[PDB]
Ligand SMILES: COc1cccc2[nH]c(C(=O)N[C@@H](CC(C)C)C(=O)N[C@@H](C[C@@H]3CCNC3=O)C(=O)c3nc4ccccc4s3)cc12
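Next up is one chain by itself, shown in structure tokens, the form solved without the ligand.
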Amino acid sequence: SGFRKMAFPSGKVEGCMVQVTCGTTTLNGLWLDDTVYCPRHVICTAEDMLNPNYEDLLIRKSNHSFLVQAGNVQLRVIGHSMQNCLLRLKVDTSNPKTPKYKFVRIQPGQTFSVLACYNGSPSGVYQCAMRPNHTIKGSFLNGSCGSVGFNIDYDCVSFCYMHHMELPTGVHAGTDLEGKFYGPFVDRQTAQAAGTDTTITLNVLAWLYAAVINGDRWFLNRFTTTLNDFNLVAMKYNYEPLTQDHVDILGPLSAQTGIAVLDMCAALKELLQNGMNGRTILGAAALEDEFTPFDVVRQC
């Protein structure tokens, strides 16, 4: 009955991780059935990343150029095709561990589990949220490229992210499982930057509801607010504006705590204005926003 940053169990994804090498470059690939997805920049080398032409680089590559490996075993790549920023290699072996899966594109503010990898082997798993500026603040040392974010519903894995690169600020950028980047980024060593990021207002409130559900109700107050006035304040603090939609989503949690949503806004409003009094919420000494209402409901 506590509150941990939880990830989905990583098992189904672990049995999908492989290693993909081209010359001196190695990163991670996701092996599903007879297909291996990985970031297309596994083909660039040195003075390529300096704006390269992937069509041009790919056409010059042969199926034997790709050294794919599941543990000891190489897998024979018997075909390929680019799809936006991914490579979709074909192989002569099917992965018997392939779980029920689908590809989904995820909205900013949502969360997922990341199984970080290096040379095809799992290092660790962790939960995070897609920032509103489309970056993710993960733990990603060079070589982790091709790690995947995923969600798990019952038996079925929804892949939503593959890591590609780190930005200057030190945050990370990637694509869905169809090669589409998240955010206005390109896989080239051109100097790009993160859009400004806001705090995920919807998540903070869910987190605050999770505090209450756990016997922590010190931040609560008696006043209320309109949606209008809460936004006027929250946006001053670089919080994302709040929509009636966001309010409804908080419906079940309010029902469960008895605390009205705008009242909880009134609480957050006060927390934003008046520091935090050195007090802690769920052990945190700042406000958390990498928890969705779904998550809170799930864990609590």
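Note that residue numbering follows the sequence shown and begins at 1.
If you look for the form solved in complex with the ligand, you will not find it shown, but the lines that follow are about it.
**Student:** 191, 73, 156, 78: which sits within 4.5 Å of the ligand in the deposited bound form by any heavy atom?
**Tutor:** Selected option: 191.
**Student:** Looking at 195, 99, 143, 108, which is the one with a non-hydrogen atom within 4.5 Å of the ligand in the deposited bound form?
**Tutor:** Flagged contact: 143.
**Student:** When the ligand is placed as it is in the deposited bound form, which of 159-167, 86-94, 196-204, 222-230 ends up with heavy atoms within 4.5 Å of it?
**Tutor:** The contacting stretch here is 159-167.
**Student:** Does the ligand come within 4.5 Å of any heavy atom of residue 280 in the deposited bound form?
**Tutor:** No, no contact at 4.5 Å.
**Student:** Taking heavy atoms only, is residue 131 within 4.5 angstroms of the ligand in the deposited bound form?
**Tutor:** Answer no; every heavy atom of residue 131 is more than 4.5 Å from the ligand in the deposited bound form.
**Student:** Just to confirm, residue 263 within 4.5 Å of the ligand in the deposited bound form by heavy atoms?
**Tutor:** No, residue 263 is distant from the partner.
**Student:** Contact with the ligand in the deposited bound form for residue 269, defined as at least one heavy atom pair within 4.5 Å: yes or no?
**Tutor:** No.
**Student:** For the stretch 25-52, I need every residue with any heavy atom inside 4.5 Å of the ligand in the deposited bound form, listed N to C.
**Tutor:** Contacting residues: 25, 27, 41, 48.
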